[PDB]
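Okay, so here's the structure we're looking at.
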């Protein structure tokens, strides 16, 4: 008793979800569209940079293993089941990633592959604690996403941008995310209720307070100090608890993981590592 895979149907997006079979001809693109992860018909798994191959899945890739594949019926396929696996009979091989040590069996359901805007492919244990906009696709790995760290006040009237989208704690006291076409994709519905403050707290809860620290609205995500709040260029807003467990560069099993930062100390949705 345990999950079976289904065919991937997300060609051109930046994420390969768990237990989904990517087959020949299918590909991911980074959100900025510069990079493409392609499974070729010749059985090579390839990353291309503006159309040119700059990486190939093989034995020379740090923290990956190649073991025999004797099963004759195994179709060419690439998929994620905590670790990533490339079944390539043509070379009698399974190529797979040596992930960081697993902490829970739940990770098998939550871990997906992200093709980032910096060209890295990263396996990320990802849990959406709150998703304000379930109809809008989650798009990890984009340089133009806005991330707020816990402990970030949303100053009233300030427009926080992510490409053409924005998040605003408005003069009328509503907390609103606007999508690329100028329409609201989500709002807390707190206009006219005396809202005085909106804050993504240190405990990972997004809260709008009124007079006397009255709670007018909250995301019910308290107790997650490692969560981030993300506004995407497509208008998606969500609170996520995420950690990487493999990457093709930068990653080492014993290194600590952190998000890259802008020159003004703001975090970016791109994973990196250091001791």
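Every residue, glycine among them, receives a Cβ derived from its backbone with ideal geometry; neighbour counts consider all protein chains shown. The values are calculated or read from the model by the stated rules, or taken from the named source; nothing here is a laboratory result.
General observations
Conditions (1) under 26 Å from residue 184 (Cβ atoms); (2) without any contact (Cβ under 8 Å) to a residue 12 or more places away in the chain; (3) assigned to a loop (DSSP other than H, G, I, E, B); (4) in contact with a helix residue (DSSP H, G or I) (Cβ under 8 Å, 6 or more places away or on another chain), marked per residue:
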residue	(1), (2), (3), (4)
86	no, no, no, no
101	no, no, yes, no
108	no, no, no, no
114	no, no, no, no
124	no, no, no, no
134	yes, yes, yes, no
140	yes, no, yes, no
143	yes, no, yes, no
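- Residue match in the range 187-194 (condition: in contact with a helix residue (DSSP H, G or I) (Cβ under 9 Å, 6 or more places away or on another chain) and part of a loop (DSSP other than H, G, I, E, B)): yes
- All positions within the range 63-79 that are more than 9 Å from residue 94 (Cβ to Cβ) and either touching a residue at least 60 places away in the same chain (Cβ under 8 Å) or over 29 Å from the mean Cα position of the chain (by Cα) (or both): 63, 70, 71, 72, 73, 78, 79
- Residue list for the range 19-37, filter: in a loop (DSSP other than H, G, I, E, B) and either more than 16 Å from the chain's Cα centre (by Cα) or crowded, with 20+ Cβ neighbours inside 10 Å (or both): 19, 23, 24, 25, 26, 30, 31, 34
- Residue, farthest from the chain's Cα centre (by Cα), within the range 211-245, restricted to residues that are on the phi > 0 side of the Ramachandran plot and surrounded by fewer than 22 Cβ atoms within 10 Å (Cβ to Cβ): 212
- Residue selected from the range 161-176 under the condition farther than 13 Å from residue 198 by Cα and either touching a residue at least 40 places away in the same chain (Cβ under 8 Å) or assigned by CATH to the domain that holds residue 226 (or both), by the criterion surrounded by the most Cβ atoms within 10 Å (Cβ to Cβ): 165
- Looking across the range 210-255, the residues that are in a strand (DSSP E or B), under 28 Å from residue 178 (Cβ atoms) and in contact (Cβ under 8 Å) with a residue 60 or more places away in the chain come down to 228, 229, 230, 231, 237, 238, 239, 240, 241, 242.
- Within the range 99-136, the set of residues being surrounded by fewer than 17 Cβ atoms within 10 Å (Cβ to Cβ) and out of contact with any strand residue (DSSP E or B) (no Cβ under 6 Å at 6 or more places or on another chain) comprises 101, 102, 103, 104, 105, 106, 109, 134, 135.
- Selection within the range 1-18 - more than 22 Å from residue 247 (Cβ to Cβ) and outside any loop (DSSP other than H, G, I, E, B): 6, 7
- With respect to the stated conditions, residue 157 is assigned to a loop (DSSP other than H, G, I, E, B), outside the structural domain of residue 261 (by CATH) and surrounded by fewer than 20 Cβ atoms within 10 Å (Cβ to Cβ).
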